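Engineer: One file is attached below, my_file37.cif, containing mmCIF, C-alpha atoms.
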```
data_input
#
loop_
_atom_site.group_PDB
_atom_site.id
_atom_site.type_symbol
_atom_site.label_atom_id
_atom_site.label_comp_id
_atom_site.auth_asym_id
_atom_site.auth_seq_id
_atom_site.Cartn_x
_atom_site.Cartn_y
_atom_site.Cartn_z
ATOM 1 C CA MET L 1 -4.539 -8.362 -8.735
ATOM 2 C CA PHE L 2 -3.964 -7.729 -5.025
ATOM 3 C CA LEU L 3 -5.985 -8.036 -1.810
ATOM 4 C CA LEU L 4 -5.423 -4.353 -0.992
ATOM 5 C CA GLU L 5 -6.272 -3.416 -4.577
ATOM 6 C CA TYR L 6 -9.749 -4.889 -4.001
ATOM 7 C CA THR L 7 -10.167 -2.696 -0.928
ATOM 8 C CA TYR L 8 -8.755 0.346 -2.767
ATOM 9 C CA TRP L 9 -11.536 0.217 -5.401
ATOM 10 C CA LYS L 10 -14.185 -0.598 -2.760
ATOM 11 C CA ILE L 11 -13.272 2.484 -0.729
ATOM 12 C CA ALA L 12 -13.350 4.669 -3.843
ATOM 13 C CA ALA L 13 -16.845 3.327 -4.397
ATOM 14 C CA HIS L 14 -18.076 4.021 -0.873
ATOM 15 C CA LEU L 15 -16.648 7.552 -0.834
ATOM 16 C CA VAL L 16 -18.008 8.693 -4.181
ATOM 17 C CA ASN L 17 -21.355 7.110 -3.173
ATOM 18 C CA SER L 18 -21.192 9.186 0.042
ATOM 19 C CA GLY L 19 -21.032 12.338 -2.060
ATOM 20 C CA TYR L 20 -17.265 12.829 -2.345
ATOM 21 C CA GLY L 21 -16.526 14.435 -5.698
ATOM 22 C CA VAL L 22 -14.032 12.537 -7.845
ATOM 23 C CA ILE L 23 -11.300 15.091 -8.541
ATOM 24 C CA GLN L 24 -9.249 12.476 -10.333
ATOM 25 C CA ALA L 25 -10.475 8.941 -10.989
ATOM 26 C CA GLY L 26 -8.954 6.453 -13.401
ATOM 27 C CA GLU L 27 -5.485 5.580 -12.197
ATOM 28 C CA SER L 28 -5.041 2.125 -10.657
ATOM 29 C CA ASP L 29 -2.934 3.451 -7.797
ATOM 30 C CA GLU L 30 -4.164 7.001 -6.975
ATOM 31 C CA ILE L 31 -7.691 8.498 -6.575
ATOM 32 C CA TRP L 32 -8.514 12.002 -5.316
ATOM 33 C CA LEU L 33 -11.845 12.644 -3.575
ATOM 34 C CA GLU L 34 -13.148 16.125 -2.679
ATOM 35 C CA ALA L 35 -14.442 16.268 0.898
ATOM 36 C CA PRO L 36 -18.147 17.181 0.473
ATOM 37 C CA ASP L 37 -18.393 18.496 4.022
ATOM 38 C CA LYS L 38 -15.740 21.082 3.111
ATOM 39 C CA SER L 39 -14.597 20.518 6.649
ATOM 40 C CA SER L 40 -11.054 21.211 7.889
ATOM 41 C CA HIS L 41 -10.036 18.467 5.402
ATOM 42 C CA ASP L 42 -10.461 19.592 1.800
ATOM 43 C CA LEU L 43 -9.716 16.293 0.057
ATOM 44 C CA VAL L 44 -8.765 12.642 0.528
ATOM 45 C CA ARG L 45 -6.116 10.742 -1.500
ATOM 46 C CA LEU L 46 -6.315 6.975 -1.796
ATOM 47 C CA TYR L 47 -2.873 5.599 -2.596
ATOM 48 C CA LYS L 48 -2.147 1.941 -3.350
ATOM 49 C CA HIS L 49 1.528 1.502 -2.486
ATOM 50 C CA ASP L 50 3.507 -0.962 -0.361
ATOM 51 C CA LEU L 51 6.015 0.660 2.006
ATOM 52 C CA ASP L 52 9.170 -1.088 3.269
ATOM 53 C CA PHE L 53 10.588 1.713 5.442
ATOM 54 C CA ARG L 54 9.219 4.737 7.283
ATOM 55 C CA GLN L 55 11.696 6.616 5.094
ATOM 56 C CA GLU L 56 9.592 6.091 1.990
ATOM 57 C CA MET L 57 6.460 6.683 4.022
ATOM 58 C CA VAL L 58 7.526 10.227 5.039
ATOM 59 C CA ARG L 59 9.017 10.843 1.595
ATOM 60 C CA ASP L 60 5.670 10.328 -0.074
ATOM 61 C CA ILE L 61 4.168 13.106 2.062
ATOM 62 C CA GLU L 62 6.906 15.518 0.968
ATOM 63 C CA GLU L 63 5.660 15.088 -2.603
ATOM 64 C CA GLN L 64 1.987 15.029 -1.612
ATOM 65 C CA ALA L 65 2.370 18.414 0.031
ATOM 66 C CA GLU L 66 3.899 19.977 -3.105
ATOM 67 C CA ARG L 67 1.083 18.430 -5.180
ATOM 68 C CA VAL L 68 -1.321 19.966 -2.640
ATOM 69 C CA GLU L 69 0.317 23.436 -2.954
ATOM 70 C CA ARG L 70 -1.046 23.491 -6.524
ATOM 71 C CA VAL L 71 -4.528 22.573 -5.273
ATOM 72 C CA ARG L 72 -4.280 25.245 -2.549
ATOM 73 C CA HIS L 73 -3.978 27.894 -5.250
ATOM 74 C CA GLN L 74 -7.311 27.004 -6.892
ATOM 75 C CA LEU L 75 -9.000 26.362 -3.495
ATOM 76 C CA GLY L 76 -8.084 29.845 -2.247
ATOM 77 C CA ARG L 77 -7.806 28.581 1.350
ATOM 78 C CA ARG L 78 -5.317 29.942 3.896
ATOM 79 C CA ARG L 79 -4.229 26.344 4.611
ATOM 80 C CA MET L 80 -4.926 23.151 2.645
ATOM 81 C CA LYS L 81 -5.544 19.805 4.373
ATOM 82 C CA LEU L 82 -5.285 16.371 2.769
ATOM 83 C CA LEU L 83 -6.102 12.999 4.320
ATOM 84 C CA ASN L 84 -3.687 10.535 2.670
ATOM 85 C CA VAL L 85 -4.483 6.851 3.053
ATOM 86 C CA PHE L 86 -1.857 4.311 2.024
ATOM 87 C CA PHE L 87 -3.165 0.864 1.058
ATOM 88 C CA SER L 88 -0.333 -1.566 1.837
ATOM 89 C CA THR L 89 -0.129 -5.338 2.383
ATOM 90 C CA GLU L 90 1.981 -4.757 5.495
ATOM 91 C CA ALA L 91 3.202 -1.745 7.447
ATOM 92 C CA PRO L 92 6.825 -0.547 7.184
ATOM 93 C CA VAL L 93 9.193 -2.677 9.258
ATOM 94 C CA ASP L 94 10.301 0.128 11.619
ATOM 95 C CA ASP L 95 9.136 3.387 13.316
ATOM 96 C CA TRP L 96 6.098 3.857 11.031
ATOM 97 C CA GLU L 97 3.866 4.418 14.072
ATOM 98 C CA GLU L 98 5.467 7.821 14.732
ATOM 99 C CA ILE L 99 4.445 8.817 11.250
ATOM 100 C CA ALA L 100 0.733 8.139 11.767
ATOM 101 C CA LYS L 101 0.971 10.130 15.022
ATOM 102 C CA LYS L 102 2.375 13.265 13.360
ATOM 103 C CA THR L 103 0.696 15.864 11.178
ATOM 104 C CA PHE L 104 2.928 16.607 8.246
ATOM 105 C CA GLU L 105 2.918 20.375 7.729
ATOM 106 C CA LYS L 106 4.783 22.065 4.915
ATOM 107 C CA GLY L 107 4.286 25.782 4.430
ATOM 108 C CA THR L 108 0.502 26.191 4.427
ATOM 109 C CA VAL L 109 -0.180 22.525 3.699
ATOM 110 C CA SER L 110 -1.265 20.124 6.404
ATOM 111 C CA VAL L 111 -1.458 16.361 5.727
ATOM 112 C CA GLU L 112 -2.908 13.669 7.811
ATOM 113 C CA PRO L 113 -1.102 10.411 7.038
ATOM 114 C CA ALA L 114 -2.934 7.117 7.445
ATOM 115 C CA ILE L 115 -2.104 3.580 6.327
ATOM 116 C CA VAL L 116 -4.365 0.550 6.200
ATOM 117 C CA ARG L 117 -2.274 -2.613 6.328
ATOM 118 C CA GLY L 118 -3.461 -6.021 5.178
ATOM 119 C CA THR L 119 -2.334 -7.607 8.446
ATOM 120 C CA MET L 120 -5.294 -6.184 10.381
ATOM 121 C CA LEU L 121 -7.266 -4.744 7.503
ATOM 122 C CA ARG L 122 -10.851 -5.339 8.676
ATOM 123 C CA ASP L 123 -10.338 -3.266 11.838
ATOM 124 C CA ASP L 124 -7.858 -0.883 10.266
ATOM 125 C CA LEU L 125 -10.161 0.026 7.418
ATOM 126 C CA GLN L 126 -13.146 0.942 9.595
ATOM 127 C CA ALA L 127 -10.827 2.939 11.847
ATOM 128 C CA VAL L 128 -10.039 5.278 8.928
ATOM 129 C CA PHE L 129 -13.337 4.854 7.058
ATOM 130 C CA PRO L 130 -16.111 4.010 9.546
ATOM 131 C CA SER L 131 -18.485 4.874 6.694
ATOM 132 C CA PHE L 132 -17.368 1.617 5.069
ATOM 133 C CA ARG L 133 -19.004 -1.593 6.269
ATOM 134 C CA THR L 134 -16.649 -4.492 6.987
ATOM 135 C CA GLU L 135 -19.406 -6.841 5.781
ATOM 136 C CA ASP L 136 -18.886 -5.373 2.287
ATOM 137 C CA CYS L 137 -15.313 -6.686 2.495
ATOM 138 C CA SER L 138 -16.337 -10.201 3.507
ATOM 139 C CA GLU L 139 -13.432 -12.678 3.399
ATOM 140 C CA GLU L 140 -15.290 -14.857 0.865
ATOM 141 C CA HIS L 141 -15.417 -11.853 -1.507
ATOM 142 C CA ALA L 142 -12.146 -10.057 -0.713
ATOM 143 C CA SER L 143 -9.674 -11.864 -3.001
ATOM 144 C CA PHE L 144 -6.771 -10.945 -5.274
ATOM 145 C CA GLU L 145 -8.822 -11.894 -8.338
ATOM 146 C CA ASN L 146 -11.901 -10.023 -7.125
ATOM 147 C CA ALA L 147 -9.884 -6.789 -7.277
ATOM 148 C CA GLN L 148 -10.448 -6.894 -11.062
ATOM 149 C CA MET L 149 -14.218 -7.037 -10.571
ATOM 150 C CA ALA L 150 -13.998 -4.369 -7.871
ATOM 151 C CA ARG L 151 -12.689 -1.912 -10.484
ATOM 152 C CA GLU L 152 -15.510 -2.773 -12.850
ATOM 153 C CA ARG L 153 -18.106 -2.395 -10.114
ATOM 154 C CA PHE L 154 -16.581 0.940 -9.177
ATOM 155 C CA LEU L 155 -16.718 2.139 -12.798
ATOM 156 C CA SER L 156 -20.428 1.242 -12.996
ATOM 157 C CA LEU L 157 -20.897 2.698 -9.497
ATOM 158 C CA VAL L 158 -19.517 6.166 -10.256
ATOM 159 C CA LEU L 159 -22.066 6.427 -13.092
ATOM 160 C CA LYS L 160 -24.860 5.089 -10.850
ATOM 161 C CA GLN L 161 -23.877 7.744 -8.303
ATOM 162 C CA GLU L 162 -25.208 10.375 -10.742
ATOM 163 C CA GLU L 163 -28.720 9.002 -10.236
ATOM 164 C CA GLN L 164 -28.154 8.398 -6.515
ATOM 165 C CA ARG L 165 -27.327 12.037 -5.714
ATOM 166 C CA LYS L 166 -30.686 13.123 -7.140
ATOM 167 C CA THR L 167 -32.658 11.028 -4.641
ATOM 168 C CA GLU L 168 -30.068 11.838 -1.931
ATOM 169 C CA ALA L 169 -31.465 15.384 -1.746
ATOM 170 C CA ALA L 170 -34.382 13.911 0.241
ATOM 171 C CA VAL L 171 -32.185 13.506 3.347
ATOM 172 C CA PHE L 172 -33.816 11.570 6.198
ATOM 173 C CA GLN L 173 -30.957 10.300 8.385
ATOM 174 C CA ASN L 174 -27.897 11.612 10.240
ATOM 175 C CA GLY L 175 -25.305 10.044 12.540
ATOM 176 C CA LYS L 176 -21.837 10.508 14.064
ATOM 177 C CA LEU L 177 -19.157 8.408 15.808
ATOM 178 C CA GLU L 178 -17.107 10.803 17.998
ATOM 179 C CA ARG L 179 -14.110 8.426 18.038
ATOM 180 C CA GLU L 180 -11.337 10.303 19.852
ATOM 181 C CA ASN L 181 -8.188 8.816 21.422
ATOM 182 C CA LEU L 182 -4.989 10.868 20.925
ATOM 183 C CA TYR L 183 -1.872 9.913 22.922
ATOM 184 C CA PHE L 184 0.086 11.532 25.749
ATOM 185 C CA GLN L 185 3.057 10.790 28.022
#
```
Any chance you could give the structure as structure tokens?
Structural biologist:
Amino acid sequence: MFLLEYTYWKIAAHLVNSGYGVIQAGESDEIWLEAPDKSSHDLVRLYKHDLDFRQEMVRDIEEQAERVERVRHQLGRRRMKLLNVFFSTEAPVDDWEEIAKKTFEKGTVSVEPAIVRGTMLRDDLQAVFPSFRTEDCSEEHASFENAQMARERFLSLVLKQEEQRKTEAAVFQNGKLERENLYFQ
């Protein structure tokens, strides 16, 4: 029952409802979503974990990349790319910003780390997932207790998605954001 846990299930819902294929869905801490665009990113991992130090933050990626090496084999790609989004109540107390500014590459794996922290969550969440509406995470609905209901809604949602993708074939809208920023010195 956590505030981030509510958001974690709500993002899983929005992604699968946006056509992302659920590679692995059931765990209360980790969900894998196949990128339907089959863009430079192959998959997205939602990970509900609180991080004290940037040490643990980088350490997670070391494991993620080895997990991804297994996926690379079945994907047949020359490189595998994972977007990994941590869902944490707060950001690590030191140097974590360097981590979000660096692509973790290990062998033929590339990982894009991201972390949404409760401290600025409404802005942070749409920065990573602009496909998610902040109105859907209204303060009056985003509570520690509501996280329980969020799981239930998600479980009914993934089944509803089966019907949704049938009507989805009649595409009638497109859009883009083109949010670029980078950094330099």
Engineer: How far is it from atom CA of residue 77 of chain L to atom CA of residue 113 of chain L, in Å with one decimal?
Structural biologist: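 Separation of atom CA of residue 77 of chain L and atom CA of residue 113 of chain L: 20.2 Å.
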Engineer: Enter the distance from atom CA of residue 56 of chain L to atom CA of residue 7 of chain L, in Å, rounded to one decimal.
Structural biologist: 21.8 Å
Engineer: Residue by residue, what does the PyMOL selection byres ((chain L and resi 88) around 12) grab here? Present the result as a PyMOL selection string.
Structural biologist: chain L and resi 2-8+29+46-53+57+85-87+89-92+114-121+124-125
Engineer: At a cut-off of 9 Å, using only C-alpha atoms, what residues contact residue 107 of chain L? Leave out same-chain residues fewer than 2 positions from it and give the result as a list in words.
Structural biologist: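 That gives residues 65, 69, 79, 105, 109 and 110 of chain L.
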Engineer: In file coordinates, which residues lie within 12 Å of (-14.7, -5.3, 7.5) using only C-alpha atoms, given as a PyMOL selection string?
Structural biologist: chain L and resi 7+10-11+116+118+120-142
Engineer: Any idea what's packed within 9 Å of residue 68 of chain L, counting all atoms listed in the file, ignoring anything in its chain fewer than 6 positions away? Could you give it as a PDB file with C-alpha atoms, in the frame of the given file?
Structural biologist:
```pdb
ATOM      1  CA  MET L  80      -4.926  23.151   2.645  1.00  0.00           C
ATOM      2  CA  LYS L  81      -5.544  19.805   4.373  1.00  0.00           C
ATOM      3  CA  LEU L  82      -5.285  16.371   2.769  1.00  0.00           C
ATOM      4  CA  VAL L 109      -0.180  22.525   3.699  1.00  0.00           C
TER       5      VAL L 109
END
```
Engineer: Quick one, how far is atom CA of residue 166 of chain L from atom CA of residue 24 of chain L?
Structural biologist: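 Between atom CA of residue 166 of chain L and atom CA of residue 24 of chain L the gap is 21.7 Å.
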Engineer: My list of candidates is L:148, L:164, L:108, L:156. Which is closest to residue 78 of chain L when distances are computed with all atoms listed in the file?
Structural biologist: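 Answer, going by the shortest atom-to-atom distance: L:108.
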Engineer: Determine, counting only C-alpha atoms, which protein, DNA and RNA residues have an atom within 10 Å of an atom of residue 155 of chain L; residues of the same chain fewer than 6 positions away are not included. Present the result as a short mmCIF file (atom, residue, chain, number, x, y, z; two decimals) with C-alpha atoms, in the frame of the given file.
Structural biologist:
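Saved as part.cif:
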```cif
data_model
loop_
_atom_site.label_atom_id
_atom_site.label_comp_id
_atom_site.auth_asym_id
_atom_site.auth_seq_id
_atom_site.Cartn_x
_atom_site.Cartn_y
_atom_site.Cartn_z
CA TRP L 9 -11.54 0.22 -5.40
CA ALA L 12 -13.35 4.67 -3.84
CA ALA L 13 -16.84 3.33 -4.40
CA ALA L 25 -10.48 8.94 -10.99
CA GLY L 26 -8.95 6.45 -13.40
CA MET L 149 -14.22 -7.04 -10.57
#
```
Engineer: Applying the PyMOL selection byres ((chain L and resi 101) around 10) to the file I just gave you, which residues come out? Please list them as a list in words.
Structural biologist: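 That selection, the PyMOL selection byres ((chain L and resi 101) around 10), comes back as residues 96, 97, 98, 99, 100, 102, 103, 104, 112, 113, 114, 182 and 183 of chain L.
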Engineer: Please enumerate the residues selected by the PyMOL selection byres ((chain L and resi 34) around 10) when evaluated against the supplied file, formatted as a PyMOL selection string.
Structural biologist: chain L and resi 15-16+19-24+32-33+35-38+41-45+82
